[PDB]
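Just the one chain here, the form deposited without the named molecule, laid out as structure tokens.
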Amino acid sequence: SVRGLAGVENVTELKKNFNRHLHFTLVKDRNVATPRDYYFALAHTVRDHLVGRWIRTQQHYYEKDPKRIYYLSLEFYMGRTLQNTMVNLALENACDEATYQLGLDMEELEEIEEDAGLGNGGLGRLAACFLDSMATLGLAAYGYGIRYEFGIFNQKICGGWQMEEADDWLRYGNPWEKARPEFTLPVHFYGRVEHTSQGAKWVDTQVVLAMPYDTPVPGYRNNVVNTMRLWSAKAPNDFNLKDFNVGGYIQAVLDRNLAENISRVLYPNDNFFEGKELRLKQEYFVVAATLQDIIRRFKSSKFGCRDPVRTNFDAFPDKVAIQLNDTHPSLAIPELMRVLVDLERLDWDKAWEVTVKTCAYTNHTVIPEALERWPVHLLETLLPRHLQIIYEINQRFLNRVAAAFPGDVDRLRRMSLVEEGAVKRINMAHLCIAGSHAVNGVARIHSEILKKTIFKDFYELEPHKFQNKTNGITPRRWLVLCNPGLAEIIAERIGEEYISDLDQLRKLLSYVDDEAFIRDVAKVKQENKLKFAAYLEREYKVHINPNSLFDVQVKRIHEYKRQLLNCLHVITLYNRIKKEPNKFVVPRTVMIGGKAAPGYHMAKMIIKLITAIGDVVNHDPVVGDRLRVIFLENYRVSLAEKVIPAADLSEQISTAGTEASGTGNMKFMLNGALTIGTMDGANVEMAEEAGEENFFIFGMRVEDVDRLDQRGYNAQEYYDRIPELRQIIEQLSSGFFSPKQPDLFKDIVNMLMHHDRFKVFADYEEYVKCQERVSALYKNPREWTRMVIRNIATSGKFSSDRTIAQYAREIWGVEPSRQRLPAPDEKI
């Protein structure tokens, strides 16, 4: 497969260093090495071929001094690194050969790597796809985040209920990171602010040290390897036993842990805000440690000897760009001001223009519950200087507003960064727009909406700032790595250039009429379904029918994502079957899966509904093969890599106006799945690219929702004029799915019936009719696959390479390069 070359000499070196690391690094012997030990041996042999490059890329940036881009995210949803590293480094087929001559099956070894799930969902995956695309366009980019000791929890279902277990991902080691204790930085917490003479001094602070760990991010076949720097918290060795700190020496040492708890776990809220102080400590910890590392490179490169100005930050935006990934690092704006004004003693106005020109903010949601307004009482306590600075910012911001909208007192009310009233809080989004020079939404519809609805005021004050950059996916992991079959057949026809130029995929339009290509496309699909169907029973217990339509919705469980509507589709189907049982119907294996944040009662309930449905449906003998509903336990990046290649239908059903973009979207459009969806997020652009006719669009569009809201959405109307929906609601209410606890799903019936913000029932009739259109087309193999080819041929625009090329040009001001950097290494 062209997975590259496979080459006698390299095969021989690879074998040799696999064995060098088994012995010397693992200190294991072939007589007692387990597959885990072979995985480590191989990981560490691949790692070695990337070091030369890593060291050369950073040496190279040092002397060539480019504008560096720092991407700040509190999530990086990396996934497994091995195969991806082999892909981007071209080692895949050399190693496959070598591991077979050692006798090992490489793919068994890949399954032993545990995902780095340092992320919840799409926000963190974006950052990881971004990372790959910044390396592939050779940008000097660095992604800074926290090294959580426990990442997102592992979901285990027991009784149809999510049982969350900790993700002890570092348990056996991580052969990719390189701890860098030489560069530990202190971060200060609490303190008081002494305003005396020269300025304010943040004094009496508690120190937590941030210890960096670097991971390499290899660009695809272009020899650039950039760095992902993740901080760890470490308690100071001195103050935790200094002062006249008696308490108990032994307790003093046991108390170190409290400071280290800043990097202990990722907060599992799948965008929704939580005012917890340890989260605020994380968010400040990232920013402070990172910005010291930013200032440190600025002062050392080539300004390294630029002598007699003072030291000067006029050039700081031409050498630094930092990208705020959602508001979670907005303290970079008051911390950058704190450093510049209080420490380098710049004039506030100068410092502010350098800050605005460095910062940029990406907004991910319109949903209010996810927005961060931190209580000013907490900010006062933990970070008093930053509260002062925010207050001063706000001041001057509002004075700018006053002058522009003379007399509109409510504008001042709306636009203030401080939300007055009862518990006065600080709106992080407003901070970000006030101090960034560019603000972008992630899909064009989400950016129009940001300009009309929530930030309209800021749009009117500074229209110039508002931009859009539709999200994207990296074809390497999302095509080449999870679906090499499709990438091979595509490559036979149009070559391999498309892996770093996805737009070339549209030359496949010439093959929508090619019968060999149709056979091929459908064949990779059926093979993938077979490989997944087997996974399903070999790691769990299943018997699914592989010639079903594999209908799947995998994403975080939430009510706007509307898994419930899909649930409503399933029993309508089960019941349609159940009433005229000898009617032919196209078989569907509906798989729905995703994690639910602990505590979100409703999402935990929705999960039980799906398993409840599966319990009934999957054991009704009158259904047979015809419907299988399966809930996919513990979704994460490695399950996404197995289920999206096997999927036929992609469920993307948000009430129009709630999904910002959606990136799962895009992953199924390559991989040949057909989308059923509403016009929301990026589904709009995927349908423009492939054409309305090659998409199954149903549902109300945004206006229609707003029309309904001004009328008054009343679910009772639906219930009363739709009999099928009424039978479902009755089954749910009677305990048809909960035989021994009828009472159970009344909670969900209640929200559906009475206070459902996401208007599940108004989209139901269209949903169901549109689903009959999907089965109509699945019965004609040839035209489903032609629709599929037009979808695949058209997903080029959803590559993150395009997205980063746009961020680069229209916001960071840096130009992309596909120019390969020369790196081998030394050999002397």
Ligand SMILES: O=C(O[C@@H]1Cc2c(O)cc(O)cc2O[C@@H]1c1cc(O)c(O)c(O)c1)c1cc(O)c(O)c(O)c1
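Numbers for residues come from their place in the sequence shown, where the first is 1.
When the mean C-alpha temperature factors of 720-728 and 126-134 are read from the deposited coordinates, 720-728 comes out higher. Annotation for 142-150 versus 595-603: the higher mean temperature factor (C-alpha) is found in 595-603. Residues shown: 543, 477, 465, 357. Highest C-alpha temperature factor in the entry: 543. Each of 398, 341, 409, 486 has a CA temperature factor in the record; the biggest one is found at 409.
In the PDB entry, a CA B factor belonging to the lowest third of its chain's modelled residues is recorded for residue 433. Ranked within its chain, residue 688 lands in the middle third, by CA B factor from the PDB record. Ranked within its chain, residue 189 lands in the middle third, by CA B factor from the PDB record. Split the chain's modelled residues into thirds by C-alpha temperature factor. Residue 60 is in the highest one.
Compared with the other modelled residues of the chain, the Cα B-factor recorded for residue 782 ranks in the middle third.
Same protein, other form: the form deposited with the named molecule bound, not shown, and the subject of what follows.
The named molecule is not shown here, and in the deposited complex it never comes within 4.5 Å of any heavy atom of residue 220. Using a 4.5 angstroms threshold between heavy atoms, residue 538 counts as touching the named molecule in the deposited complex.
Heavy atoms of residue 532 reach within 4.5 Å of the named molecule in the deposited complex, making it an interface residue. Within this chain, residue 194 is remote from the site of the named molecule in the deposited complex, having no heavy atom within 4.5 Å. 642 is the sole member of 701, 451, 642, 319 with a non-hydrogen atom within 4.5 Å of the named molecule in the deposited complex.
Contact annotation: of the candidates 108, 515, 625, 743, the single residue with a non-hydrogen atom within 4.5 angstroms of the named molecule in the deposited complex is 108.
Here the chain stands by itself, but in the deposited complex one stretch of 584-592, 538-546, 734-742, 614-622, 538-546, has heavy atoms within 4.5 Å of the named molecule.
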